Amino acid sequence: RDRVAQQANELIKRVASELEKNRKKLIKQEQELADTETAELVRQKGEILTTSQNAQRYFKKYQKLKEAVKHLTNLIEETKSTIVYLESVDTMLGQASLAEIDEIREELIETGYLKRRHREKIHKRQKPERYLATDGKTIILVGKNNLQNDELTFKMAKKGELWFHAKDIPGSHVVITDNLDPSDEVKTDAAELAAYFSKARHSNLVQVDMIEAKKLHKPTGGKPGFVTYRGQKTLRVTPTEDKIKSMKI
């Protein structure tokens, strides 16, 4: 097919339009929240002052406003978590081969951003990409989309196996396999795979988090790839295209 890259292009433009729409949506929601009449009504009708004793009108507003503000706060938090999820897709998208893009399409179908098309094939879901560390023994696994990310982290990872992710920015989940106490050389390799496969690819001294995989928590209803953890160690590495390629199986 001579449309494969073109379709990869529409998909990329598609994800960006979603980011754009949700960012515009976020400022609208935050604006609405700031433009909301402050509820303290207990202020305009703690008035004990006789002067229809028609104050009730305001007590009932205090309640409607405290609730609207709560609701709007909830909506705003969901918009943000959508933006964070779409951002992770945009990152995976920009660093993917055409083949890996077929699987990210499947993710977008599952998360509701795309519908399969009339009589379009179903791309079989692949396993995380495997790497061989500089020690020449240890296998390191890297998720290439959020479905592989969740799978690697919550299905494939054993107890004791260490997990890596670039700190506070979108990127792949990275797990060290079959080595429960790795050298600082193997840890560094893993952290470098994490920093390389992230939004911080072409920058120096990237922070990556290191913590046992079994310590990660996926909140109920969380979007693919999103995780939670505390008490992690942090490393600072500088990924190199050569270094990464030397570990590529």
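The numbering used is simple: start at 1 and walk along the sequence shown.
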Task: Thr220 to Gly221: deposited residues without atomic coordinates - done: none
Open item on the list: Which is higher on mean Cα B factor in this entry, 35 to 43 or 64 to 72?
Closed with: 35 to 43
TODO: Select between 15 to 23 and 221 to 229 the stretch whose C-alpha atoms have the higher average B-factor in the entry.
DONE: 221 to 229
Task: Residue with maximal Cα B-factor (values as given in the PDB entry) among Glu87, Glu106, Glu77, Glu120 - done: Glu120
- [ ] Could you say which of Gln53, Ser198, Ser203, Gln29 has its CA atom at the highest B factor, as listed in the PDB entry?
- [x] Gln53
Open item on the list: Splitting the chain's C-alpha B-factors into thirds, which one does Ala213 fall into?
Closed with: highest
Open item on the list: Which third, lowest, middle or highest, does the C-alpha temperature factor of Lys144 belong to within its own chain?
Closed with: lowest
Open item on the list: Looking at the temperature factor on the CA atom of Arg130, which third of the chain's modelled residues does it land in?
Closed with: middle
Task: For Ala190, the third of its chain into which the C-alpha B factor falls - done: middle
Open item on the list: How does the C-alpha B factor of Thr177 compare with the rest of the chain: lowest, middle or highest third?
Closed with: middle
